[PDB]
Amino acid sequence: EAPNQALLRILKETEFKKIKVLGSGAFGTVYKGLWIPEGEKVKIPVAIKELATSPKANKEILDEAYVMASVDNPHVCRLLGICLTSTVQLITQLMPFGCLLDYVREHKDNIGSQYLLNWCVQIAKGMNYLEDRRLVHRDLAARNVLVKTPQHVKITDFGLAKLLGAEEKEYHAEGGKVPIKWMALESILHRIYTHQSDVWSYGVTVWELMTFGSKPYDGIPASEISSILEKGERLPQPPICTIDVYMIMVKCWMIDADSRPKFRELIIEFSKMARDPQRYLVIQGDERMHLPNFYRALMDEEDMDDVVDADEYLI
Ligand SMILES: COc1cc(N2CCC(N(C)C)CC2)c(-c2cnn(C)c2)cc1Nc1ncc(Cl)c(Nc2ccccc2P(C)(C)=O)n1
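Numbering (PDB author numbering), first residue to last: 697 to 747, 750 to 990, 996 to 1018.
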């Protein structure tokens, strides 16, 4: 492959001040904070992530740092730098609105069709960039999408992300805790992960957003999910979903991974829908909903139903 000439920035403990704890969970912890770089009249809102010092807990964080310092896209979380204290700290940008799962739940009655369809375009842009950089996320879910502003989301959690060689097209995992309700059938039965198994996970992510934060296959144990998907059974059509949006989800869940749409196609599809959002999502209250010419397929010609902007047409 090409040389990865990315720069790993190492930060002084003194340069940044913690403020509050954000989470507890599996991972490590995660704190809110401020980063005042040395001799710069700049104060950067940051999120400091750590793990308890174990040689395995320091190795896993540095592999994540490797991935995060390589990526650079408006819809992908970037690493600001690392701090080399007893316990290694990952310093990333603060996403003041938290994760997208918690946000759809907390704001269930204020989210309109324009917002949902735009997060779908943004998640597909971030995932396409990862496909370009030959990275397989392996953990795409709504909890792993952070909110910078309600109008701007970014993909996070690279703690499972795998890079592929130019003469490599699959990642064969050996073992480890895996979220089964988001996994592709080939991933559950053969431990194979491709960008196309990420497209499956994208389908469940869109489903979580469309159901305003519902749990996929609720009340159904993990051991049973592999069978359900073998029969032909998929997740239900959400109430707000027209058959157009649902057909896209259903395609992300084909048994043949090559039949599923590509992330560049998912961008085009959700972009067209975002130009007339009320034709694709039926939400009670849409016209009067807020979260604190130029944006419709009208403009000046014929049937501009298939009009895509160049920024959405990636190849
Ligand atoms: C003010 O900023 C945040 C506030 C947060 N609220 C949401 C509302 C909550 N009330 C109303 C109950 C309080 C906590 C949260 C948050 C909450 N839950 N989660 C999962 C994240 C997150 C952020 N921002 C933020 N910016 C950057 C990163 Cl990297 C990050 N990470 C993170 C934090 C906690 C747990 C897990 C992670 P992960 C493993 C997904 O990286 N988190």
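Just so it is clear, CB atoms sit at the ideal spot from N, CA and C, and this is done for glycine as well.
Query: Using a Cβ-Cβ cutoff of less than 8 Å, which residues in the same chain neighbour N700 once the five nearest sequence positions on both sides are dropped?; Result: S768
Query: Whether or not the stretch 826–837 and the stretch 935–951 are in contact is what I'm after, with contact meaning three or more pairs of Cβ atoms, one per stretch, closer than 8 Å; do they touch?; Result: no
Query: Round the Cβ separation of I789 and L704 to the nearest angstrom and send it over; I've been treating them as touching at under 8 Å.; Result: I789 to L704, Cβ: 11 Å. No contact.
Query: Are there 16 or more other CB atoms within 10 angstroms of the CB of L979, so buried, or fewer, so exposed?; Result: buried
Query: Have a look at the DSSP bridge pairing and note the partners of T790.; Result: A743 and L777
Query: Between the C-alpha atoms of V876 and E906, what's the straight-line distance to the nearest angstrom?; Result: 18 Å
Query: Could you name the residues of the same chain whose beta carbon sits closer than 6 Å to that of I740, not counting the 5 residues immediately before and after it, in chain order?; Result: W731
Query: Does the stretch 782–800 come close enough to the stretch 966–980 that 3 or more CB-CB pairs lie under 8 Å?; Result: no
Query: Pull the bridge partners of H870 from the DSSP assignment, please.; Result: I890
Query: Counting C-beta neighbours from all protein chains within 10 Å, is the total for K713 16 or more, i.e. buried, or is it exposed?; Result: exposed
Query: Please confirm whether any heavy atom of ligand 3 lies closer than 8 Å to the CB of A859.; Result: Ligand 3 is not part of the structure shown, which contains ligand 1 as its ligands.
Query: How far does the beta strand (DSSP E) with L844 in it reach, from first residue to last?; Result: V843 to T847
Query: Could you give the DSSP three-state label for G735: helix, strand or coil?; Result: coil
Query: Going by DSSP, what residues sit across from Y944 in a beta bridge?; Result: For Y944, which the question treats as bridged, DSSP gives no partner whatsoever.
Query: At a cut of 8 Å, does the stretch 906–924 reach the stretch 856–872 through at least three beta carbon pairs?; Result: no
Query: Helix, strand or coil: how does DSSP classify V717 here?; Result: strand
Query: If you pair each beta-carbon of the stretch 853–861 with each one of the stretch 910–919, do three or more pairs fall below 8 Å?; Result: no
Query: Specify the secondary structure class of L883 as computed by DSSP and reduced to three states.; Result: helix
Query: Determine whether the beta carbon atoms of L838 and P975 lie at a separation below 9 Å.; Result: no
Query: Quick one, which of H773, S895, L747 and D896 has its alpha-carbon nearest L782's?; Result: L747
Query: I want to check one thing, is the minimum distance from the CB of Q982 to the heavy atoms of ligand 1 below 8 Å?; Result: no
Query: According to DSSP, simplified to helix, strand and coil, what is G729?; Result: strand
Query: Cβ of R836 within 9 Å of Cβ of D896?; Result: yes
Query: Using only the heavy atoms of ligand 1, determine whether one of them is closer than 8 Å to the beta carbon of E804.; Result: yes
Query: Taking the C-alpha atoms as reference points, what is the distance between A972 and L778?; Result: 32 Å
Query: Where do the ends of the beta strand (DSSP E) carrying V876 lie?; Result: Segment: none, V876 is in no beta strand (DSSP E) and carries neither H nor E.
Query: In its own chain, which residues sit with a C-beta less than 6 Å from the C-beta of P936, not counting the 5 before and 5 after it?; Result: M908 and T909
Query: Determine the direct distance from the alpha carbon of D1012 to that of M1002, and round the result to whole angstroms.; Result: 13 Å
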